[PDB]
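Trainee: Residue numbers (the working numbering), protein chains in the order written: chain A, 357 to 445; chain B, 15 to 529; chain C, 305 to 953. Here a beta-carbon is modelled for each residue, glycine too, at the ideal position from N, C-alpha and C. Provided herewith is a single structure, encoded as structure tokens, for subsequent inquiry.
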Amino acid sequence: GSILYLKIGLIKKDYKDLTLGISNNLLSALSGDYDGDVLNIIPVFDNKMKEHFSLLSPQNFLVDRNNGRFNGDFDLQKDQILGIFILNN
Amino acid sequence: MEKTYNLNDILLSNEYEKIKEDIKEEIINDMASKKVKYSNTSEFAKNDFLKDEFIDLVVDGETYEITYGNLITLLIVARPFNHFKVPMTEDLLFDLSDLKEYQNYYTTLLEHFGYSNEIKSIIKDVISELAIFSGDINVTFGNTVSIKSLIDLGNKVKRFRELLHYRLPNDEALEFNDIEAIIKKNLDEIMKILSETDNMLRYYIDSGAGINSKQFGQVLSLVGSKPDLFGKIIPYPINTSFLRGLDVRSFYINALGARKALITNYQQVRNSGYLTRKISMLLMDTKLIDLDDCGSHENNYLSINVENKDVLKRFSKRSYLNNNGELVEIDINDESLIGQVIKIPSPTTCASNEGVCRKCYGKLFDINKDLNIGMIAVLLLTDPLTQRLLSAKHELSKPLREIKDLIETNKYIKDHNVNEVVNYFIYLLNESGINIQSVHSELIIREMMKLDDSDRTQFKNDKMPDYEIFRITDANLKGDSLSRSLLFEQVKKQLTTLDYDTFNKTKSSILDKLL
Amino acid sequence: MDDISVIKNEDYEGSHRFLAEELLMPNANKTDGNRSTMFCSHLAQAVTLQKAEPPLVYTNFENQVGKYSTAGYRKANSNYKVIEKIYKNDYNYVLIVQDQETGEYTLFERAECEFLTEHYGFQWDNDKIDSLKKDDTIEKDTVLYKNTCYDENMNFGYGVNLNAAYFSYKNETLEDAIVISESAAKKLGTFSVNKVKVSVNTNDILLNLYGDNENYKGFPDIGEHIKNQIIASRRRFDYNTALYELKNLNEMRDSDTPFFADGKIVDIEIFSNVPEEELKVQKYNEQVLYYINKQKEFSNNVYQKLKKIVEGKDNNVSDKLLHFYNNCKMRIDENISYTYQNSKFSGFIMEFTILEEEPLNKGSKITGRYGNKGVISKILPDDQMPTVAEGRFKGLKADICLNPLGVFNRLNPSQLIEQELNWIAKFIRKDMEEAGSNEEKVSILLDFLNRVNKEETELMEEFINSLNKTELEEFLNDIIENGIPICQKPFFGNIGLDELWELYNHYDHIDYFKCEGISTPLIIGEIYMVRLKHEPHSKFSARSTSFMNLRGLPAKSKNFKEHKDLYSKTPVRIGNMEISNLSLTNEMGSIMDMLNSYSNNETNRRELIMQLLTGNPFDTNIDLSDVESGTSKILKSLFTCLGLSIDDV
Ligand SMILES: [Zn+2]
């Protein structure tokens, strides 16, 4: 799953902003870091193409094709693990 | 806040999101209003945050005694019950005290709800919301770090005080193993005393996020010896510690270690991930065919001996012939299988000529019907193995090279048989430390296969035909489909010479459409 | 090795000859090698700061490296006497001076900014030189100008000190994310200079982009700012198309050539190979003619002024003087053709040098002095940021909040040392403010300095004994309003854990800062910051439909270098594992369809554009043909011409 099928949700209003926002939980699955990696985007147009690539949506990768359990790459990362620990314990 | 609730009610009621929002707002407002006091000792200061309580919950006909936070998270995760309007049952409850258990919890849900798409969507939603809630709680609770905490702890506890104030007893000659043992014991003591007592980093080390034991022990306790660029320990280990200071000779040693790390990183990046190229290029054509049973012979089932539970982990979601010979599901938790040689179905022995039957893939088949099974196998093998090899280069590396040779050089295959080679592969996988389902490995062996008659029907008879296996590049070049051969390397001899009979060879393939 | 046994601490004791780069970073005695290497690379990557300040914690070597480095100022080699001054343009001028003793003449010049390389450069603080007038003696140590890195007294400044606290913000400081306030980001202002040249032949003509009919200016003047990120444009004139395309000269046509930049015009240089008569009868070349006349007048004046010097053989001049005068004499004389890149051109070529300031862009990088790199994740109004609102320091605000995930993994406890030192300094500043009499406050000041650095304390006591009473009071005012500097040696003489232990033991009045609404009493302290160069704008290629190569396939182009494209627009290529992972899904036909529709097949891509342009914008129902792709056909040519052939099944 080093490729992801993602859906646009919001257009940034600030003209000078040129960075791509991405949720934290997708960092591990695509194996990246905010240090300066350059990632590539390919738009998709055909509706049939949308349906075919729906299998590449992160929701599909949520199931582990290895062991069939909940995927650890989508599991909570560092800071949120800490925070939930504070809440629970 | 109320002494008791009935979770079944809050999920069935329409005010579910309202109650959750109210509860979250109360937590944030309350705990933001209050303040945190550190006892800085083994004893605990009196902090009366309402986030921790002893509230009750009446569900399934029984009353559980949990805190406020457990309640909010229990409602936050039980969202599927609300969405599908299905009551919760006791077995569907887990002690949320341990975070890792949440993992298991998620998995078991995917079982009672039929592996549907909707439950996958709702799982994604609840994960996202839990992340956002952790974000707001993490602003409204501080997590700062400074060494003043350490200083005050040392003032309070003299044990930690003298522990940080320690050097190697250089009065006697010290061996490498002795210094490693002493530094290990000191690091364990540091972590133990840190966890025992209250401090501004207690939660940090209890949770474990953002703290590495090794780096911690190196920073506070003594640094310890470092290897030379060629991999030899220096005779003079660094008696000092990073916090305390350094020696000019120690400074030189540290600089040498850093330059060694930089050189290793350079060569590691230069490696370029070349093996995945050919392994994928060969394995990608493999397919799956929806058929109940290949109908292979009983002797076609390959035999494997059990030495530890690790091989049982490697052999989940599959079936073994029992005393009656019926293929019953293998149970990893089961222990009666220790020290036994038993036959298992495999793709490398499947009698389906169209592809692989669902019997060989075991119960796992239903999960994988969407995707190219072989491609998952190859990628899921090449990723952790390369990562482990590269980290080891950054001892344990030798088995990894052995695995690479077994796949590539093929001397062992030329000297032995399929059962032996697969058992060796399982043993090598265990040594390497990575864990992958054995089904994918057996599928790589199925691709590895080579026999005289392309038909698998003979395979279903009593005696199997010739079972030879060649080099990975040789095996791909062996592949009668020319489309994949041309896309490989070494095309020169393929096109201009008759050694590989590429003029003769012909077979359909996926990439054949690509041409 | 035995050499490893050879080196002894006694050999190098009380000397720093071994350490070269970390001379600029305090307290190298506690850091790791990887972090030191990172810091050395960053110091190779530092950029100019508009609001540069000298760091609070200093290692006595910043002044040295500044003084010895000679790419940031111009010190007169000896005492000279200025004989004359000339000005080329509004913002630049030159000075003709004579040596007082040697009797030799020399040139100086001024400019608003200096072009270092491509984007990078810096603005020049020319106050000192501009203050000079005619017939005034210059002195040997007088510096005509300096970069902003240098303070009033040649104090080195390569970064600025900012208030920082360790704090996790909405799970948003995960990894190396850094959040900064608006005021601090407004501080980290950095210059940038670009040089861009445009060619005008006999064919292409300019357009009156700027101003009315009377004021025909295709490019902004010196004072003007470039508008709409466009400097000028050219229309490709054709004799046949003189009836439709050339019409409406004021408005640009669709098929023209513009140029793209930003900032304000700093200087203009024109080279013309055409006779001036044509320019005289050219209305759309009035601006260039005016500039050429101005430049020619400048050259005439300089030649006239310096002729008496140059023709006098008895006079001694620098080779620079002769080179400059010969250059101007070249310019004035007629029949002087210019041949750019070893080839004559037609028309003229003109070069603009432009300067502009940038604030911090979301996504830039900032690092301390120990390699603690990061990326500016999001910026906030300062009111929406943790503040302390208790005690004497009620209302203090922290500009930036670093990532408190772990410093122990990065192996550099030195940042914490600097932070707690500066926080303690804040508290001492408050205490000495509370002091009433000068003698006792200087006593407590030197007391603390002795607790931290005794010898530097001795130097302070010598200084304060040297200072006069009123000056002394002004000094304490400067201390209370700025702060107190702390000297910290790189490797020999720095602080360790024990001195901090003693400080906290004696300083029982020290207390955690109780921030409002925040559960833990976090700590705020000054830390030095420097901004790197790696900006998100440096990798922003995005292409829709650009020039195809001879194979009818996408290919990069040279428009971006010539400033013809706003964005870089260089396409991405799909490689081995790309096709592999796309084929992880059982849709090989779909992948082939995508590849054919995007680039491979000309007919398929054309029909994609046709279908996609019209039809419902919200719903795209593409239809694909089965024409053979260009790649397959050219491979067929390869095989057939090799003697190979094609035969399916
Ligand atoms: Zn089978």
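When we look at the beta-carbon of C/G616 and count the other beta-carbons within 10 Å, is it buried (16 or more) or exposed?
Mentor: Along the third sequence, read from residue 1 onward, the residue named residue 616 of chain C stands at position 312. C/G616 should be labelled exposed.
Trainee: Strictly below 7 Å CB to CB, what residues from chain B border A/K434?
Mentor: As a working mapping, residue 434 of chain A is identified with position 78 in the first sequence. Going along chain B in sequence order, the residues near A/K434 (Cβ under 7 Å) are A223 and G224.
Trainee: Does any residue of chain B have a CB that is nearer than 7 Å to the CB of A/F426?
Mentor: What you label residue 426 of chain A is simply residue 70 of the first sequence in a count that begins at 1. Interface residue, yes.
Trainee: If you draw a straight line from the C-alpha of B/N518 to the C-alpha of C/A859, how long is it?
Mentor: Here residue 518 of chain B is taken as the residue at index 504 of the second sequence, counted from 1. Here residue 859 of chain C is taken as the residue at index 555 of the third sequence, counted from 1. Their Cα atoms are separated by approximately 38 Å.
Trainee: Are the C-beta atoms of C/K666 and some chain A residue less than 7 Å apart?
Mentor: Locating residue 666 of chain C in the third sequence gives position 362, where the first residue counts as 1. Closer than 7 Å: yes.
Trainee: Can you pull the DSSP bridge partners for C/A380?
Mentor: Here residue 380 of chain C is taken as the residue at index 76 of the third sequence, counted from 1. Beta-bridge pairing links C/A380 to no other residue.
Trainee: Roughly how many angstroms lie between the CA atoms of C/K698 and C/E820, to the nearest whole one?
Mentor: Counted from its first residue, the third sequence places residue 698 of chain C at position 394. Counted from its first residue, the third sequence places residue 820 of chain C at position 516. Using only the alpha carbons, I get a separation of about 10 Å.
Trainee: Can you list, in chain order, the residues of its chain whose CB lies under 7 Å from that of B/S163, leaving out five sequence neighbours each side?
Mentor: Taking the first residue of the second sequence as position 1, residue 163 of chain B is located at position 149. So the qualifying residues of the chain are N213, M214 and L215.
Trainee: Please report the straight-line C-alpha distance between A/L366 and A/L374, rounded to a whole angstrom.
Mentor: Here the question's residue 366 of chain A lines up with position 10 in the first sequence. Here the question's residue 374 of chain A lines up with position 18 in the first sequence. Using only the alpha carbons, I get a separation of about 14 Å.
Trainee: Below 7 Å between beta carbons: does that hold for C/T452 and C/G651?
Mentor: Working through the third sequence from its first residue, we reach residue 452 of chain C at position 148. Working through the third sequence from its first residue, we reach residue 651 of chain C at position 347. It is not a contact, given that the beta carbons lie outside the stated cut-off.
Trainee: Select from B/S294, B/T211 and B/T81 the residue whose C-alpha is nearest the C-alpha of B/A59.
Mentor: As a first step, residue 59 of chain B must be located in the second sequence, where it is residue number 45. Among B/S294, B/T211 and B/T81, the Cα nearest to that of B/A59 belongs to B/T211.
Trainee: Using a Cβ-Cβ cutoff of 8 Å, what residues of the segment 380-414 of chain B are near chain A? List them in chain order.
Mentor: Taking 8 Å as the Cβ-Cβ cut-off against chain A, the residues of the segment 380-414 of chain B that qualify are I381, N382, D384, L385, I390 and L394.
Trainee: Against residue 14 of chain B, what residues of chain A qualify as contacts under a CB-to-CB distance less than 9 Å, listed in chain order?
Mentor: In the structure displayed, chain B extends from 15 to 529; residue 14 of chain B sits before or after that span and is not available.
Trainee: Spell out a yes or no on whether the segment 344-363 of chain B and the segment 409-424 of chain A are touching, meaning 3 or more CB-CB pairs, one atom from each, closer than 8 Å.
Mentor: No, because fewer than three Cβ pairs between the segment 344-363 of chain B and the segment 409-424 of chain A fall closer than 8 Å, the two stretches do not touch.
Trainee: Starting from C/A729, follow the alpha helix (DSSP H) in both directions and report where the run begins and ends.
Mentor: Sequence index remark: in the third sequence, residue 729 of chain C carries index 425 (1-based). It spans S718 to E738 - the alpha helix (DSSP H) in which C/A729 sits, taken as one unbroken run.
Trainee: Name the chain C residues whose beta carbon is nearer than 8 Å to that of B/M214?
Mentor: Working through the second sequence from its first residue, we reach residue 214 of chain B at position 200. Result: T824.
Trainee: Should the segment 87-107 of chain B be regarded as contacting the segment 246-258 of chain B, the criterion being three or more beta carbon pairs within less than 8 Å?
Mentor: Counting Cβ pairs under 8 Å, fewer than three are found: no touch.
Trainee: Check whether the segment 777-794 of chain C touches the segment 354-364 of chain C, counting contact only when three or more Cβ pairs, one atom from each stretch, lie closer than 8 Å.
Mentor: In short, these stretches touch, since the Cβ pair count reaches three.
Trainee: Inspect the beta-carbon positions of C/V398 and C/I390 and report whether they are closer than 7 Å.
Mentor: Counting from 1 along the third sequence, the entry for residue 398 of chain C is found at position 94. Counting from 1 along the third sequence, the entry for residue 390 of chain C is found at position 86. The answer is yes: Cβ separation under 7 Å.
Trainee: When DSSP labels each residue in this structure, what does B/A365 get in the three-state scheme?
Mentor: Position 351 of the second sequence, counting from 1, holds the residue named residue 365 of chain B. Here B/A365 sits in coil by DSSP.
Trainee: Can you check DSSP and say which residues form a bridge with C/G425?
Mentor: Taking the third sequence and counting its residues from 1, the one referred to as residue 425 of chain C is at position 121. In the DSSP output, where bridge partners are listed per residue, C/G425 has C/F419.
Trainee: Give the interface partners of C/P840 over in chain A, defined as CB-CB distance under 7 Å, in chain order.
Mentor: Here the question's residue 840 of chain C lines up with position 536 in the third sequence. Here the neighbours are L374 and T375.
Trainee: Quick one: grab the DSSP three-state call for B/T400.
Mentor: Against the second sequence, residue 400 of chain B aligns to sequence position 386. Note: B/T400 maps to helix in three-state DSSP.
Trainee: Check whether the segment 166-182 of chain B touches the segment 488-504 of chain C, taking contact to mean three or more Cβ pairs, one atom from each stretch, closer than 8 Å.
Mentor: Contact between the segment 166-182 of chain B and the segment 488-504 of chain C is absent, because fewer than three Cβ pairs lie under 8 Å.
Trainee: Considering only C-alpha positions, which residue in the set B/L496, B/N449, B/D139 and B/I387 is nearest to B/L457?
Mentor: In the second sequence, residue 457 of chain B corresponds to position 443, counting from 1. Of B/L496, B/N449, B/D139 and B/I387, the residue nearest in Cα terms is B/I387.
Trainee: Quick one, are the C-beta atoms of B/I417 and B/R328 less than 7 Å apart?
Mentor: Start at 1 with the first residue of the second sequence, and residue 417 of chain B comes out as number 403. Start at 1 with the first residue of the second sequence, and residue 328 of chain B comes out as number 314. Going by C-beta atoms, B/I417 is not nearer than 7 Å to B/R328.
Trainee: Going by the beta-carbon positions, is the gap between C/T335 and C/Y674 smaller than 7 Å?
Mentor: Sequence index remark: in the third sequence, residue 335 of chain C carries index 31 (1-based). Sequence index remark: in the third sequence, residue 674 of chain C carries index 370 (1-based). In contact: C/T335 and C/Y674 (Cβ atoms closer than 7 Å).
Trainee: Is the separation between the beta-carbon of B/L335 and that of B/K357 shorter than 7 Å?
Mentor: Against the second sequence, residue 335 of chain B aligns to sequence position 321. Against the second sequence, residue 357 of chain B aligns to sequence position 343. Contact flag set, yes.
Trainee: Which of the three DSSP states, helix, strand or coil, is assigned to C/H529?
Mentor: Looking up residue 529 of chain C in the third sequence gives position 225. C/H529 falls in the strand class under three-state DSSP.
Trainee: Go ahead and pull the three-state DSSP assignment for B/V283.
Mentor: Indexing the second sequence from 1 puts residue 283 of chain B at position 269. DSSP places B/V283 in helix when its eight states are reduced to three.
Trainee: Going along the chain, which unbroken runs of the beta strand (DSSP E) with 3 or more residues stay wholly within the segment 634-691 of chain C?
Mentor: Complete beta strand (DSSP E) runs here, min 3: 652-662 and 679-684.
Trainee: Say the cut is 6 Å; is the CB of B/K492 nearer than that to a heavy atom of ligand 1?
Mentor: Residue numbering aside, residue 492 of chain B sits at position 478 when the second sequence is read from its first letter. No; taking the cut-off as 6 Å, the Cβ of B/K492 has no heavy atom of ligand 1 nearer than that.
Trainee: Is C/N333 helix, strand or coil when you go by DSSP?
Mentor: For the purposes of this step, residue 333 of chain C is taken as the residue at position 29 of the third sequence. DSSP places C/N333 in helix when its eight states are reduced to three.
Trainee: Check the Cβ of B/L88 against every Cβ in chain A and list those closer than 9 Å, keeping chain order.
Mentor: For the purposes of this step, residue 88 of chain B is identified with residue 74 of the second sequence, where counting begins at 1. Simply none; closest approach about 10 Å.
Trainee: Please give the ranges of any beta strand (DSSP E) in the segment 29-79 of chain B, keeping only runs that are unbroken, at least 3 residues long and fully inside the region.
Mentor: DSSP runs (the beta strand (DSSP E)) wholly in the segment 29-79 of chain B: 69-73.
Trainee: Where are the beta strand (DSSP E) runs, 3 residues long or more, that stay fully inside the segment 499-582 of chain C, in chain order?
Mentor: Complete beta strand (DSSP E) runs here, min 3: 508-510, 537-540 and 568-576.
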